[PDB]
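[1] Just to be clear, this is only the beginning of the complex, oriented as in the whole thing:
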Amino acid sequence: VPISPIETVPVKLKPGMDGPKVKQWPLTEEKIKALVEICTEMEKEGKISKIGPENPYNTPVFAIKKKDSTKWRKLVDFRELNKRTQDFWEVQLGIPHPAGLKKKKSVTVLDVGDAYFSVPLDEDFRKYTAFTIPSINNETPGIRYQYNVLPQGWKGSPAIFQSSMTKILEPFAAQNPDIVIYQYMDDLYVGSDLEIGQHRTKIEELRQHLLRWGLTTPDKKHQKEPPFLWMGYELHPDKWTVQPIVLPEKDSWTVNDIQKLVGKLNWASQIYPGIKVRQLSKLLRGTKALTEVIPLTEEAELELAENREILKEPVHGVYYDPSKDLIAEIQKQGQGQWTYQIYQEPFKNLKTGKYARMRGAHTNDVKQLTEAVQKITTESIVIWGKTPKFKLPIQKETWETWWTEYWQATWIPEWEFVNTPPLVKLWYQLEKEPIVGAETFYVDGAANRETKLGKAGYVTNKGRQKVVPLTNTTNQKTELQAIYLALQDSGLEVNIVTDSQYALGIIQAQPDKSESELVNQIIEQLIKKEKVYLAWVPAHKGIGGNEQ
C-alpha cells in the first residue's frame, strides 16, 4: 500500500458538459466475482473507494484475460469521460534521436510499476470516475466505486503522471547535477560519467527516493542491460543502430504490403546509406484501394534488390561529441533522389538520410540541392541544436550564378566544394539578349479541347515555314511542341518567340529534368545548342507573333 502525498493537478470538465452517465448491466457472474476480488484489493491499497449513490455518474466496466490466465485483468472504457474532460498539454510528440545522444560511462533503465495508480487524482474530479459492479441478476444493489488516483485510459493520466514524476525527481536532481535523467512514458533513463560503483550507488539511492514517494523500481539488478532495444532502435554503449529490418519475399504485392515496405526502408534510411524509395513509392501513387494487388515494375524490383544488397551487412551510427565539428555531406543518386551523411568523423556516421522531391512537374539539380541543404539544416537544428558545415558537390560559380539569377531568395551557410562526381552543374543557360546573326523563329501551337487533335508550327524571318500535325494533345503541349520544332529545325544559335506564358515559364525555370518526355527532349535540344534566346509577346495582339 504505497499511498502518495503528491500535490494533485486541478482538473476541469469541458465547459457546459458534465460527468458520463453511461450505465452497464452485462454480463457474466464469473466476470463480476472476478471484479470484486480485484476491487477489494484496490480499495485496500486506497486506489479506489466505495461511494453512497447520491446522484452519481457511471462508466462501463469490462473484464478481460491476458495470456497465462492465472492473472485476471480489469478494464474500464473511459471514452465517454475522455470526451468530457478538459484538454491537457501534449506529453511528448517526438522522441530523441540516438545520433543526438552523448556518451555516458554508465546507463541504467528504470521502469516504474503501477505508475498511474501511484499518482493521486484531483479530489473534486474523482466523482466523475464513478463506476458500478453489477449484481448477479435479480436487480440487486451493486457495488459503487470511484478512483482516488489516475485511472488507466483517462485523458489526463500521462501528462499529469509526467509532471508529477518531474516534481518528484526535482529534489534528487538538485543533489546530483552531474547525472542526467531522461523521462519517457513509464520509463526513466539515467546516465553518468561516474565510476560503476558510485554510479550503481546513485542508482540505488534514486530507487530509494522514488520508493519513498510510492513509486516502485525493479529489484533484480536493474532490469535490462545493453541493448537497450528502444522504439525500434538498438542502443549499444559505444554505438547506435536500428533494430533488424525484415524485407518479406512475395509472389504478389498489395498497397498495404508496399506501405509496410516503404515504411521499413524509410526507417532504415536514417542509418544504412543509399536507400531508394522512389520507384516503390511511385507504385503507391494510386490512393484508391488499400487491398488492391499492385504489380511491381522493373525499376521497382531493381531498386528493392539494391536495397536488399544494402541491408545485407549491418551498419552502425555513433554518438554526438559537442567538442567536435558537425559535418554534412550530400550526394546525388541521379533519379531525382539525393542521399546524405552527417558525421563528426570520416569513417563514423552520426546518422544518414535521403531527400526526394515529390512536388512539382519540373526542377533542376541546384534547386533540389538547396532544398536538401534546407532539410538537413532543419534536422540538424532539431537533433543537435546547431547547423552543420556543408561539403557539397557544386562549384561556387554554378551556385552563385544560380542564386543571383533566381527569382526566389534562397540561402546556404558556409560550405566547401567536393570534387566527387556526379557534380552539380548548369547544363545550359538562355541568352539575356537577342542574338545578332541568328535566325528568328516565330512559333505557335493550338488545340481543340474536344477532338484533342491540334497542331504546332513556326514561321521564320528567312521565309522558312512549317506546320506539324498532332494527335491526343493539349494547348500547352502544342505550345511546347512548337518550341521543340524550332529547336529541331534551327542552327547552333536561335531566337525563338512564343505566345505561351506557360512554355516561357517552364523554360525560363531552366529545368534539367522533367516527368514529361517532351520537356526532356526540349532540354536535350537546349543543351545541344550554343545560344538560345527565348522571347515572349502578347497572344492574339497580332504584331509579329500571329497564329502559326
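    Thanks, I have it. Numbers count the residues shown, from 1 in each chain, chains lettered A, B, ... in the order given.

[2] Phi and psi next, for residue A:254.
    Dihedral angles of residue A:254 (phi, psi; degrees, to the nearest 10) stand at phi -120, psi 160.

[3] Count the neighbours of it for me.
    Neighbour count for residue A:254, taken as other CB atoms under 10 Å: 15. (C-beta placed from N, C-alpha, C; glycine too.)

[4] Look up how far residue A:213 lies from it.
    51 Å (CB to CB, to the nearest Å).

[5] cool, and residue A:10?
    Counting by CB to CB, the gap from residue A:10 to residue A:213 is 20 Å.

[6] Residue A:367 now?
    56 Å.

[7] residues contacting the closest residue to residue A:97 other than its chain neighbours?
    Closest residue to residue A:97 apart from its sequence neighbours, by CB to CB, 6 or more residues apart in numbering: residue A:383 at 5.1 Å. By CB atoms under 8 Å, 6 or more residues apart in numbering, the contact list for residue A:383 reads A:97, A:99-100, A:351.

[8] So among the residues you listed, which ones count as buried?
    By neighbour count, with 16 or more other CB atoms under 10 Å, the contacts of residue A:383 hold A:97, A:99, A:351 as buried.

[9] Now, those that are in helices?
    Among these, no member falls in helices (DSSP state H).

[10] quick one: which of those residues is nearest residue A:126?
    residue A:97 (39.6 Å; CB to CB).

[11] Next up, the contacts around that closest one.
    A:270, A:351, A:383.

[12] what about the last one, helix or strand, and which?
    Element membership for residue A:383 (DSSP states H and E) is helix A:365-384.

[13] After that helix, which helix or strand is next?
    The helix or strand immediately downstream of helix A:365-384 is strand A:389-392, counting by DSSP H and E.

[14] Which two among the contacts of residue A:383 are spaced furthest apart?
    Largest pairwise distance in those, by CB to CB, is 8.8 Å, between A:100 and A:351.

[15] all strands of the stretch 201-350 of chain A, in order?
    A:233-235, A:240-242, A:327-332, A:337-343 (DSSP state E, counting those that start in this stretch).

[16] Compare those strands and report which one is nearest to residue A:118.
    Once those are compared by CB to CB, strand A:233-235 is nearest, at 27.2 Å.

[17] which secondary structure elements does that closest one contact?
    Helices and strands touching strand A:233-235, by 3 or more CB pairs under 8 Å, 6 or more residues apart in numbering; DSSP states H and E, are strand A:240-242.

[18] The nearest residue to residue A:160 once chain neighbours are set aside: what's it in contact with?
    Nearest residue to residue A:160, sequence neighbours excluded (CB to CB, 6+ apart): residue A:9, at 4.8 Å. Residues near residue A:9 by CB under 8 Å, 6+ apart: A:122, A:156, A:160, A:163-164.

[19] throw chain B onto that model:
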Amino acid sequence: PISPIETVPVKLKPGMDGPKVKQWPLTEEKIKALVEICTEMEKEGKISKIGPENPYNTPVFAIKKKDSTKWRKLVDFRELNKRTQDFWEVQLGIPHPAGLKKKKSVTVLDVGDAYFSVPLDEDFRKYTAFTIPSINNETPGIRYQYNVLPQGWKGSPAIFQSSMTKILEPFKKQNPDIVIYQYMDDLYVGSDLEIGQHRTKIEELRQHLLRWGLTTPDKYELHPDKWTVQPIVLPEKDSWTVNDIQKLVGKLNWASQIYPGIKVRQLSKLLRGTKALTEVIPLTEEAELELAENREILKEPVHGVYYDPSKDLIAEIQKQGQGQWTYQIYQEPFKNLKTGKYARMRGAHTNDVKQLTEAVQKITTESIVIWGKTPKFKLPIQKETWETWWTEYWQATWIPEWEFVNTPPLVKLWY
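    That brings us to chain B, laid onto the chains above:
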C-alpha cells in the same frame, strides 16, 4: 510593484478557445538565452511556471534588441491576437491618426517596458502560455505563463491606453503640432520640424516619459511625406529594335489591366512583318505620338482606388537582383494603394534572406504609419528556409502575417 486598479477582465469571442501552436526548434544558443531571460523574468514576477492542465501554447523566439549584443525575447502573439484583439479592436480599439503620414519626419520609440508594471487578468493568464523547447526532445519544454501584460499582445497597449494618454497629455499640450500614435509596443512621433529640432523634441519626449516612470531603451527616422504610389516607367531609348518594341508592347499590354486608356495598336503596326529580333525599327509619327500618350497617362495615378478598412492589406514582393526589391501594397487586384522599391548596401554584408527581411520590416512599418495596420505578405522564399532564418535579422517587436509563393512573376523588370 502594485496593482494600480484591479485587473482589466479579458474575454475572447464566444466559441473561440485559447491558442494552441507548436514551438519551432531553436539553436542551443537562443535556447540558453531564453532560459536566462525567463529565469530573470520569473524572478521578477512577470511570468510563472504552469502545469499539464494548461493546454494552450504560443511560440517564442530569441532575437537581437536592435544592434545590441544582448539577447531579446520575442513572443509571437499573432494567434492570440487574432482571437482576442478583433474584439479588442472594437472595445478598447485605438484610433488611427490619418494625419501622421503627412508629417515630414517620423521617429519610432520603444515603449514596451511600460506594460510590465501592470498585472494581467487572472483568468486570462493561461492563454499567454509559452514553451522554451529542449534540444532533441530530451526533456519536455519549460512552460511559463505571463503574470503581467505581455509584449507583442495587442491587448497590452489597449489596457495601458489610458495611462499612456495621461502621461502624454502634458507633452501634447506644449506641442500641439506633434502627432503621436501608439501601435503595440511602439510610439510613432511625427513633426514638420527641422531634423535638429525634431531630434531635440524627440529627446524631450524621451526625458518626459523617463521622468514619469516609463523607461525607453531607445538609448531610426522615417519620412512619410515622400511616400506614394510609384509611376510605371517605359524604357528611354535613342533607337529601337524589334525585340525592344516587343518588350514595350508587352509591358504596355500588361499595364492595360491598370490604365484602360492605353492603346498599343500603332506600335503593333510598326512590327507588322516577320523580322529578326535585332533589326532596328525607327519610330513613326503615329507611333511616337502613341508612345508619348502612353507615357503621359502613366504618370497620373489610378482612378477609383481607395482604402477599404473591412479588407486586409496584401503586400507582394519581387526580387530584382543586385540588392534591389520591389513591392506593392494592395487590397483588390491591380488596384494599388502603395508601391515602392527597397535597396541596400551592395556586397560583403547582406544576403538574400537579410534583404528580404529588412524589406518586410520596412514595408510593415510604412503600412503601420499609413493605414494603422500591417499587411499579409506574399513572400518569394521557401517556407522552411524563411521559418528557419527569419529571426536572425529581425529587429521588430511585432510579427506580420505571411505566406509563401511559387510560380515566379514574369512581371519582374516590368515593375
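
[20] now that chain B has been added, could you go back to the contacts of residue A:97?
    A:270, A:351, A:383, B:136 (CB atoms under 8 Å, 6 or more residues apart in numbering or on different chains).

[21] Now tabulate these in TSV and tack on distance to residue A:517.
    Formatted as TSV, the contacts of residue A:97 follow (distance: CB to CB, whole Å):
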residue	distance to residue A:517
A:270	35
A:351	37
A:383	40
B:136	45
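
[22] just curious, which of those residues is nearest to residue A:482?
    Taking those together and measuring to residue A:482 by CB to CB, the closest member is residue A:270, at 46.9 Å.

[23] phi, psi of the closest one?
    phi -70, psi -20.

[24] ok, now the one 5 residues further on?
    The phi and psi torsions at residue A:275 (degrees, to the nearest 10) take the values phi -60, psi 130.

[25] any idea where the strands of the stretch 101-250 of chain B begin and end?
    Residue ranges of the strands in the stretch 101-250 of chain B, as given by DSSP E, counting those that start in this stretch, are B:105-110, B:130-132, B:142-146, B:179-183, B:186-191, B:221-222.

[26] Quickly check the contacts of residue A:97 for the two that are furthest apart.
    Farthest pair in these, by CB to CB: A:270 and B:136, 13.9 Å.

[27] How many residues are close by the closest residue to residue A:455 other than its chain neighbours?
    The shortest distance from residue A:455 to any non-neighbouring residue, by CB to CB, 6 or more residues apart in numbering or on different chains, is to residue A:469 (5.2 Å). Residue A:469 has 10 neighbours, counted by other CB atoms under 10 Å in any protein chain shown.

[28] quick one: residue A:469 and residue A:13, what's the gap?
    Residue A:469 is 73 Å from residue A:13, by CB to CB.

[29] and what of residue A:38?
    Distance from residue A:38 to residue A:13, by CB to CB: 27 Å.

[30] ok, now which ones touch residue A:538?
    So residue A:538 contacts A:499, A:545, B:249-250, B:253 (CB under 8 Å, 6+ apart).

[31] neighbour-wise, which of those residues leads?
    Most neighbours among the contacts of residue A:538, by other CB under 10 Å: residue A:545, with 25 neighbours.

[32] so what's it up against?
    Counting by CB under 8 Å, 6+ apart, residue A:545 has contacts A:442, A:444, A:497, A:499, A:537-539.

[33] For residue B:18, give me its contacts.
    B:12, B:55-56, B:80, B:83, B:126-127, B:129.

[34] Keep only those of these that are also close to chain A.
    Among the contacts of residue B:18, the ones lying near chain A by CB under 8 Å from any CB of the partner chain are residue B:55.

[35] Going through the contacts of residue B:18, which ones are buried?
    Neighbour counting with 16 or more other CB atoms under 10 Å in any protein chain shown marks B:12, B:55-56, B:80, B:83, B:127, B:129 as buried within these.

[36] Include secondary structure when you put these into JSON lines, please.
    Below are these laid out as JSON lines (DSSP: H, G, I helix; E, B strand; the rest coil):
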{"residue": "B:12", "secondary structure": "coil"}
{"residue": "B:55", "secondary structure": "coil"}
{"residue": "B:56", "secondary structure": "coil"}
{"residue": "B:80", "secondary structure": "helix"}
{"residue": "B:83", "secondary structure": "helix"}
{"residue": "B:127", "secondary structure": "helix"}
{"residue": "B:129", "secondary structure": "coil"}
